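Take a look at the structure below.
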Amino acid sequence: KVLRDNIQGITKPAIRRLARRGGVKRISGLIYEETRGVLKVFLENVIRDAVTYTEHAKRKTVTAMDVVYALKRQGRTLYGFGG
Amino acid sequence: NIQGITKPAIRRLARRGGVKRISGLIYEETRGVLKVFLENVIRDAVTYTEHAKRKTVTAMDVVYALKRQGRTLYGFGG
Amino acid sequence: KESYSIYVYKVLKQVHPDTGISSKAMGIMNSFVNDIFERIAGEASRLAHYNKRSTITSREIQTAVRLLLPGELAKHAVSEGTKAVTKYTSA
Amino acid sequence: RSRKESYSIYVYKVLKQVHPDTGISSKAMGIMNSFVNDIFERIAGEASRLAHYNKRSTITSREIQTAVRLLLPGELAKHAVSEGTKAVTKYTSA
Amino acid sequence: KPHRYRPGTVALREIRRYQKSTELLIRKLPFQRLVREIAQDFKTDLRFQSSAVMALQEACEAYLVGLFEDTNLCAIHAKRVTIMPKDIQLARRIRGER
Amino acid sequence: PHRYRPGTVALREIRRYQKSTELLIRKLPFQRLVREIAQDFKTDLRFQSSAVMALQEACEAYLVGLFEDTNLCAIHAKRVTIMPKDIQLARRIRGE
Amino acid sequence: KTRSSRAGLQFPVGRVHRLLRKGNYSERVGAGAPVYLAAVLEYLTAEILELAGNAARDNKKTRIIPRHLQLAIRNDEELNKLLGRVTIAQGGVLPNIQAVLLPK
Amino acid sequence: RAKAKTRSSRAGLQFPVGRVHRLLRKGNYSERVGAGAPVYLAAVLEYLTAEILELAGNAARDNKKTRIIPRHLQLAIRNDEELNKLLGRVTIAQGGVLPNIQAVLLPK
């Protein structure tokens, strides 16, 4: 199936919980669209590099190491998935 | 000598950045910030120089000290 | 020592036939060419090392360019590289 | 089939050295593996760039000492440099 | 007569609870479908190891948490308690992401 | 006499300095500051002149960027005058 | 009869290959890699210099000075993203004043 | 033919000097790797692991658990200033955040 408009999957209470973790107490009502936009942009940036690494090795599977490397490029190292 | 960074000089630096009105406590804060940054650059420059057994802190050492911290500097390379 | 002054000058004459470039701007362009070369080579090194390979073919440079350069610059540079390699190989 | 190398057991031995009566789960071992690899890659890469600036072609101990001075900030610099010097001296005397 | 906390206390209880736990905060399947949707824009017919999607989700959650911490600092700076889209945009613009 | 209302001379200075590019810190005070700071790590250091030039260019660019971000913070809080709290917030968010 | 002449490039393919070998970037360097790398460098330099030449003619001068490079770099989205952390000596800044500061 | 003892035993180190030397040689960091560099590097790695593990063990003791889990490593890393500075950017999986609420949020 062709997958479209799944960005609504990030439910409003999910962003609420995320902010509650960060120490935020009162959330506006327009935060939700803005945060979905920011998340979409960040995911595009990570997955572009992950897919690039994967295509380079002539594979059709985006392993965890590709994503760890794509993050490592953008200055956010991720400990725990490297194997 | 940190008082060498004269108040009109900091005023000019702010003017370049698009600032319009400057408080009065700002000057001491900027002197502190500049002191910290200069320490963190000169420490690495001096470490590079001490490594190569030189007593002269050449320009490439300062360029490398910056390049480590992410603030690449063009024009002196070198 | 050795720099890219004359090459930058030739390219400048190729795009703007009647423009000159001062000394300090030439120094800046030298540093910029070295900087981009180091970024691309470093990415090629890391990439050939991930796949347990050992040889920086054109493919690794292509992928490193795809990674570092953002947006349409990537597509244009990749086109240039492929065309240049093809012209060199067939001739 | 195919072996995989990791610093799991060495981390375990060091843990027994500092805290004689504390275990550590598998995921914390994953984090410590990745951390040791991260620090090693930082230090070795910095030493390589440094030994390449001076047109040398060998990572002697001096390069590792200078790289540790650059990377580790503050008290860790002095303590790690002292540990390195002690290890090298005790290694060479035998 | 009914039990009904003043607006503000339930927020603090939730803040303590979610700062004490560590589980993931976004439901797994919506995020997985989002990841596949985005990936299909670049090259079609890609397959994702489950650990890879988990790593992606961990990175996204950590990024959003950091973003909201900095946004909250910005909002408190303006002598408010509510965070607003201009707060997020300022936090990102200072961080250098835009 | 003839005298501008405050604010306009600030704008004229803003445009004048954003048009030009010369250094904004007098050279000798900065040189003596650099030597003073380096005097605590190595005692007999002699700086190449261009090294001090590069140090000064880096410091000016860093401070200009810092004041740009501080100005964004200040305008955020419905003010026009920056304050030490603005600079502290900018540095805190930047990651320092 | 030079490799740069074969590939129709302007940058030196030989020097780029020599640099790849001398820098310890890998054990072995393939034959097409220096050619591709020289082509990429040539294209990036051409892009920057074309933008700088435009910005130089836009203020009535026939020579490029670092202020021009700063303008060309910061006035294009992609190049600005590529050189986001780089400080250019003698650069100044892009002329930009916040709207709120402007009177009325 | 002599009783060969591992280099880690010679240098009084737990970390495996042979493995570190092998990684330096195969990682293409330089053409020729000195004999003292792997020893020095293994010592530094051991010291850093010891530091983090001691702090994490203390933090695990404080909340009355007897096994280190990623939350404990996060709490140990973020609560020491110098270790925080060394590991400023790194995101720990299954890590959570530091318990911290802004004062102005709390009611006056």
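Sequence order for the protein chains is G, Z, V, B, C, X, P and W.
For the first sequence, this note's numbering assigns the number 57 to the initial residue and increments by one for each residue that follows.
For the second sequence, this note's numbering assigns the number 214 to the initial residue and increments by one for each residue that follows.
For the third sequence, this note's numbering assigns the number 13 to the initial residue and increments by one for each residue that follows.
For the fourth sequence, this note's numbering assigns the number 10 to the initial residue and increments by one for each residue that follows.
For the fifth sequence, this note's numbering assigns the number 132 to the initial residue and increments by one for each residue that follows.
For the sixth sequence, this note's numbering assigns the number 1286 to the initial residue and increments by one for each residue that follows.
For the seventh sequence, this note's numbering assigns the number 23 to the initial residue and increments by one for each residue that follows.
For the eighth sequence, this note's numbering assigns the number 1440 to the initial residue and increments by one for each residue that follows.
Just so you know, even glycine gets a beta-carbon here, dropped at the ideal spot from N, CA and C.
Proximity below 8 Å, CB of residue i to CB of residue j
i               : j              : result
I1507 (chain W) : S34 (chain B)  : yes
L1340 (chain X) : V254 (chain Z) : yes
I1372 (chain X) : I119 (chain P) : no
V35 (chain P)   : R50 (chain P)  : no
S84 (chain G)   : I214 (chain C) : yes
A70 (chain G)   : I169 (chain C) : no
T285 (chain Z)  : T84 (chain P)  : no
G1473 (chain W) : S70 (chain B)  : yes
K174 (chain C)  : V107 (chain G) : yes
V1483 (chain W) : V77 (chain B)  : yes
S182 (chain C)  : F137 (chain G) : yes
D61 (chain G)   : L79 (chain V)  : no
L155 (chain C)  : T91 (chain G)  : no
Helix, strand or coil at residue i according to DSSP, with G and I counted as helix
i                     : result
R85 (chain P)         : strand
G32 (chain B)         : strand
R135 (chain C)        : coil
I1310 (chain X)       : coil
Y47 (chain P)         : coil
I68 (chain V)         : strand
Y277 (chain Z)        : helix
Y16 (chain V)         : coil
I66 (chain G)         : coil
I225 (chain C)        : helix
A1346 (chain X)       : helix
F49 (chain V)         : helix
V90 (chain V)         : helix
residue 140 (chain G) : Nothing can be reported for residue 140 (chain G), as the shown portion of chain G is limited to 57 through 139.
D172 (chain C)        : coil
Backbone CA spacing between residue i and residue j [nearest angstrom]
i               : j               : result
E1493 (chain W) : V20 (chain B)   : 12 Å
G106 (chain P)  : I215 (chain Z)  : 30 Å
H90 (chain P)   : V1536 (chain W) : 46 Å
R65 (chain B)   : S15 (chain V)   : 21 Å
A68 (chain P)   : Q130 (chain G)  : 27 Å
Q92 (chain P)   : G113 (chain P)  : 6 Å
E111 (chain G)  : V58 (chain G)   : 21 Å
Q163 (chain C)  : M185 (chain C)  : 9 Å
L24 (chain V)   : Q74 (chain V)   : 25 Å
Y1479 (chain W) : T94 (chain B)   : 7 Å
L1522 (chain W) : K210 (chain C)  : 33 Å
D201 (chain C)  : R28 (chain P)   : 54 Å
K1524 (chain W) : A86 (chain B)   : 12 Å
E84 (chain V)   : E99 (chain P)   : 11 Å
Residue burial classification, residue i (beta-carbon count within 10 angstroms, cutoff 16)
i               : result
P1509 (chain W) : buried
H28 (chain V)   : buried
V249 (chain Z)  : exposed
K22 (chain B)   : exposed
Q26 (chain V)   : exposed
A1441 (chain W) : exposed
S43 (chain V)   : buried
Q1453 (chain W) : buried
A1443 (chain W) : exposed
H134 (chain C)  : exposed
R137 (chain C)  : exposed
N1356 (chain X) : buried
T269 (chain Z)  : exposed
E1342 (chain X) : buried
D274 (chain Z)  : buried
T67 (chain B)   : exposed
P1546 (chain W) : exposed
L1330 (chain X) : buried
Cross-strand partners of residue i (DSSP beta bridge)
i              : result
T117 (chain G) : C:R178
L66 (chain P)  : According to DSSP, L66 (chain P) bridges with nothing at all.
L286 (chain Z) : P:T109
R234 (chain Z) : X:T1366
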